[PDB]
Number of protein chains: 2
Amino acid sequence: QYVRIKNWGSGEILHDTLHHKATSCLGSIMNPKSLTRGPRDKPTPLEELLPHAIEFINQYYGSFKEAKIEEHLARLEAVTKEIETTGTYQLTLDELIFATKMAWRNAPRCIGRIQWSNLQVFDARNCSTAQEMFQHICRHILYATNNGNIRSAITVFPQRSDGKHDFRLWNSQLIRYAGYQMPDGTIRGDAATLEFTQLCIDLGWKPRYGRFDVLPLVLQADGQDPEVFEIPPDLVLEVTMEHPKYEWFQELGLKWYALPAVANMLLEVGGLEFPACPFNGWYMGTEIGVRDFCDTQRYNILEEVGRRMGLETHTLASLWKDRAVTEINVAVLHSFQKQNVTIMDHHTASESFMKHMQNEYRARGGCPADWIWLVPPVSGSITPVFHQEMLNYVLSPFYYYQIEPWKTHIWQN
Amino acid sequence: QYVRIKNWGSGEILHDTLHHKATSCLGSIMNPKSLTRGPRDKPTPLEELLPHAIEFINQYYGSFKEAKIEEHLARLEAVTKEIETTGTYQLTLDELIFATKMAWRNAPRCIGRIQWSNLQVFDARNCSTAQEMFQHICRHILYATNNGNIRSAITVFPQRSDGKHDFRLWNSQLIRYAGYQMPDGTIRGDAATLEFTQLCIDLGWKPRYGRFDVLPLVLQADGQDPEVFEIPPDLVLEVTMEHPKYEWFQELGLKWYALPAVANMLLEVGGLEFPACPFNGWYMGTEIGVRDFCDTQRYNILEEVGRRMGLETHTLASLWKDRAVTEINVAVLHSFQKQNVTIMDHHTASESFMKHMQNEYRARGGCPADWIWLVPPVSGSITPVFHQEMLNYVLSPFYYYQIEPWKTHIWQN
Ligand code: HEM
Ligand code: HEM
Ligand SMILES: C[C@H](O)[C@H](O)[C@H]1CNc2nc(N)[nH]c(=O)c2N1
Ligand SMILES: C[C@H](O)[C@H](O)[C@H]1CNc2nc(N)[nH]c(=O)c2N1
Ligand SMILES: CCCc1cc(C)cc(N)n1
Ligand SMILES: CCCc1cc(C)cc(N)n1
């Protein structure tokens, strides 16, 4: 049958049948095992790889408007033989392109999925060295950035073979700031990247002890020890934070990178695994203004901006935190828009996702969604998405989390 | 063992062992069967009632600091015999008081649980007629209201016997406004109570076609047809909405009842079920300002307040919805505080719940929590609760939802 889903805002009902294809209640758990695809030391068993491969080949060929059975049956034949003769198989570029968009399409934590069909794919499956990973990463950052007119892209490195030759990016994001535990008890920069910053120092990276120090790319190639590479500052576009009214906002000396790029996820498709496949899209205002700037475990600027606004920062009931965070979000949006850097505010994003959800239900009878992540960190019920009942499930292709590399890596030297 | 829970704000770790006592992923489903205890036509089977009764008696007696084994063993004896001789059993007043607070304690959707130990219990288990239910309900509303100094209370009516004599309140809340489908296409009042308002009209209630018409109590006594009773206006305390700066706010002619009282839930305890046990606490600002006033399926005042604030109400990116909703929340809080009606803002509530959670983990190794409901409808990440990982589970005693009565009732006449 199906599962009835209701939108309490519009009163609309949808019928979810897509969940039938997935694979006590841990609700708000950030990194659950169900969303994580770990390491291996031995190749994927053939009895598992084959049915998974076949299923993907059928999905891929079954995605065209006008079916191409001749080519479909031929691919099934060749794939089976390649697995038989080599122990694994290589996807064609079109299958990879299809796989990367589908995985994005299947990302339950992404509110920007209406753009799923627009994705640039850089094939780095022939990559061999750390230096080469680095060159691809630079080409990626440069293409995606496009001088502010952000373009969604993904770079695919070699697939996992036996699990002892994994290509991995130790960074959580391509571009991110360093976090320092200054002497005076106060953390400087981005407190989220504290443990990682130290790791970069252990590998010889030169600390510049600032609030916005762009960290280096830490690349692991073919299972070998990671190599440190600084990102050419020319490639890192940034936005100066300016409020369109409180001229004292600049006096805060705030800024943020224009490129949100995930660096540590794993792409699973047709039984294959890609431990390294960095991808980016464009920012949604609240990520920066609310999470990056106001989380107490991040920049924690909230009170400083409060005091500055001349608000009762000692009486919670005054709703000062509410007033401040809104101006910061206004600052962020204002700044990006002025400096011509692509950005989407949370209200527009939500409406866009609601539209995407409607489309997906008619198109394939469902849309895997994680309410907890899809609802903006501010203006909850003020957004459409808040009133939309959702079903969270893992399909395939899919983007999985991975165990942090420093926790499983065997240091050669 | 246990489940590790992490607060990403403070970095604190907690160990949940309490879940061991409970009983694809439907995350954002509002009324799931797991939270609903439906009707019956036959009495609870003895093989089920007894172990459930015994478990509760053991929990109750095992709750005291200094154990009272003599009385504990005697109660087990008497309970067993009462079930043997009568087919069911009556809780003592102390057990009921304990049960109602524990059920509240176990309510995963309640952010106000730090107050669990402060609950007035009105024993109406001897109630017989609709008129009597009504008198108890009036006594409740009056006690709880206390001229604005709100007091948490619950009234327990007779327990379900065979399921064909259920005491039920057809209302969702004790005090609520009517919703009318005016001629000109526009809904008037509270659109949420549309279907119910009609039901009240079918039962003879006199429509007053206003925006704030307090609906009547629809009481079902001893399984019989429901009787309509208007609530004495003297008992219904209200708050006039006034902004401390935008004097034009009053020109909106808004107000809200000071008493949030759930009327349709079922209390389950020791194998017994109470289909009628209305309860109240005090309001949290956002319930009114954000949900009641701004939900499009409710009052939907957002744009009108936007225009009035002289904001760009046609450009989402301007974040006008953000600016407006904050003033409304300021209005609500301001008004209640002035007219001396108890109220809690969402930031204070969240901090209070976080404190309660800490206490509960040390006290009993867990706190059943539903993130989706505990995180305020605005200022999501700005609150502590947003960064707290939570585990949602059903314990016992517990407050369950029930199937709407008009859907299962057999109309005698
Ligand atoms: C085109 C613009 C896009 C927008 C506006 C967008 C927006 C978002 C937002 C707001 C989040 C949550 C951020 C957080 O709280 O960490 C997110 C997460 C995610 N998005 Fe998108 N995204 C876009 C493109 C993409 C692309 C191109 C991919 C993949 C190819 C993608 C994959 C995902 C995944 C897997 C997550 C989850 C990351 C995690 O769990 O930490 N997104 N996206
Ligand atoms: C003392 C003050 C209290 C506060 C501030 C408080 C606050 C809240 C809030 C904000 C909600 C969610 C409202 C909604 O979105 O519908 C709620 C739900 C709930 N609360 Fe409390 N509450 C209080 C007392 C109580 C008491 C005395 C009980 C029970 C004896 C209780 C039982 C629950 C239950 C069962 C729900 C869920 C109702 C539903 O699922 O629709 N609360 N409470
Ligand atoms: C504990 C909770 O899961 C965590 O704080 C969340 C919740 N929702 C989120 N939503 C988004 N989009 N991004 C996040 O990082 C989080 N974190
Ligand atoms: C679909 C979703 O479950 C629904 O809109 C929610 C979510 N969170 C909520 N949270 C609270 N406190 N109250 C609610 O009514 C809801 N409704
Ligand atoms: C890097 C932070 C998380 C993220 C990822 C993507 C793809 C888009 C986006 N806007 N944010
Ligand atoms: C009646 C609306 C829901 C509710 C219930 C309780 C007990 C408290 C509260 N503040 N809100």
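In listed order, ligands and their atoms are each counted from 1. Every chain is numbered from 1 and lettered A, B, ... according to where its sequence line falls, protein lines coming before strand lines. The basis for the numbers below is simple: all heavy atoms, side chains too, and nothing from hydrogens, waters or symmetry mates.
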Original post:
Counting each atom of ligand 5 from 1 as listed, which ones have a heavy atom of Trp282(A) under 4.0 Å away?
Top reply: 8 (C), 9 (C), 10 (N)

Original post:
Nearest to atom 1 (C) of ligand 5, what protein heavy atom do you find, and at what distance?
Top reply: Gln173(A) NE2, 3.4 Å

Original post:
Is the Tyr399(B) ring parallel, tilted or perpendicular to the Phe279(B) ring (thresholds 30°, 60°)?
Top reply: tilted

Subject >> Polar contact flag for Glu287(A) and ligand 5 (N/O pairs, less than 3.5 Å) >> reply: yes

Subject >> Backbone or side-chain N or O of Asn280(A) under 3.5 Å from ligand 5 N or O >> reply: no

Subject >> Any donor-acceptor N or O pair under 3.5 Å, side chains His346(B), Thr286(B) >> reply: no

**OP:** Using the six-membered ring wherever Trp is involved, compare the ring planes of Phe336(B) and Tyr283(B) and label them parallel, tilted or perpendicular (cut-offs 30° and 60°).
**Re:** perpendicular

Original post:
Who are the side-chain contact (heavy atoms from CB on, under 4.5 Å) partners of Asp190(A), not counting sequence neighbours?
Top reply: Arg176(A), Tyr177(A), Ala192(A), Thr193(A), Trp256(A), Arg298(A), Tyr299(A)

Original post:
For residues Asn329(A) and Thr326(A), is any side-chain donor paired with an opposing acceptor at under 3.5 Å?
Top reply: no

Subject >> Nearest-contact summary for atom 5 (C) of ligand 5 - protein heavy atom, Å >> reply: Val262(A) CG2, 3.9 Å

Please give the N or O to N or O pairs under 3.5 Å between ligand 3 and the protein, distances rounded to 0.1 Å.
| unit_1 | atom_1 | unit_2 | atom_2 | d |
| --- | --- | --- | --- | --- |
| ligand 3 | 3 (O) | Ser28(A) | O | 3.0 |
| ligand 3 | 5 (O) | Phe386(B) | O | 2.8 |
| ligand 3 | 8 (N) | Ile372(A) | O | 2.9 |
| ligand 3 | 10 (N) | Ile372(A) | O | 3.4 |
| ligand 3 | 12 (N) | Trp373(A) | O | 3.0 |
| ligand 3 | 15 (O) | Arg291(A) | NH1 | 3.2 |

**OP:** Quick one: closest heavy-atom pair of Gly281(B) and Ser152(B), and the distance?
**Re:** CA-OG, 3.4 Å

Original post:
What residue and heavy atom of the protein are closest to atom 6 (C) of ligand 5, and at what distance?
Top reply: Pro260(A) O, 4.3 Å

Original post:
Between the side chains of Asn264(A) and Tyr401(A), does any donor sit under 3.5 Å from an acceptor?
Top reply: no

Subject >> Quiz item: cation-pi between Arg113(A) and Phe353(A), 6.0 Å / 45° >> reply: no

**OP:** Distance to 0.1 Å, residue and atom name: give those for the protein heavy atom nearest to atom 7 (C) of ligand 5.
**Re:** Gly281(A) N, 3.8 Å

Subject >> Location of contacts on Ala261(A) toward ligand 5, heavy atoms closer than 4.0 Å >> reply: backbone

Original post:
Is any NZ, NE, NH1 or NH2 atom of the basic residue among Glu389(B) and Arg4(B) found under 4.0 Å from an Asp or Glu carboxylate oxygen of the other?
Top reply: no

Original post:
Only one of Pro275(A), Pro278(A), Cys277(A) forms a side chain to side chain contact (heavy atoms under 4.5 Å, CB included) with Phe157(A), so which one is it?
Top reply: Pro278(A)

